[PDB]
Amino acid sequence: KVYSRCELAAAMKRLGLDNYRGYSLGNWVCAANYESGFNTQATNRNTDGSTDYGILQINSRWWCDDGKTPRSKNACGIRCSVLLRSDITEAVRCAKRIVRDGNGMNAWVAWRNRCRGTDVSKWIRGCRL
């Protein structure tokens, strides 16, 4: 599923991400934009044999099981395929765990790159929620 910006904002709001560990909703929408273009089916392969999955490009070395990544630690306890589904419930649950790991949203390089230190409220402008 490719979400629209406001559809995703509303879904993430409903699933409890707004101000999760102090990160306002716009942070999460912005991160998703730059990680995956709002596409739950996005995948990106890396040189350690890992792959990033889904709308928040969650990595298979550390966070999910894709059956083909050496030294995987699958800390979210999920098959990476669940992160390709249209329903983002499981992706959000994993993202919450990631952001409890100790680095906050620094876990998402696209967030560091394009969202950190910007007015992230623009990402929820115009949305009904």
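So that there is no doubt, residue numbering starts at 1 and follows the sequence shown.
Q: Which is higher on average in the deposited entry, the C-alpha temperature factors of 23-31 or of 37-45?
A: According to the entry, 37-45 carries the higher average C-alpha B-factor.
Q: Quick check: 62-70 versus 91-99, which has the larger average CA B-factor in the record?
A: According to the PDB entry, the answer is 62-70.
Q: Going by the entry, which third of its chain does the Cα temperature factor of residue 80 land in?
A: It falls in the middle third of the chain.
Q: In terms of the chain's CA B-factor thirds, is residue 8 lowest, middle or highest?
A: Tercile = lowest for this residue's CA B-factor.
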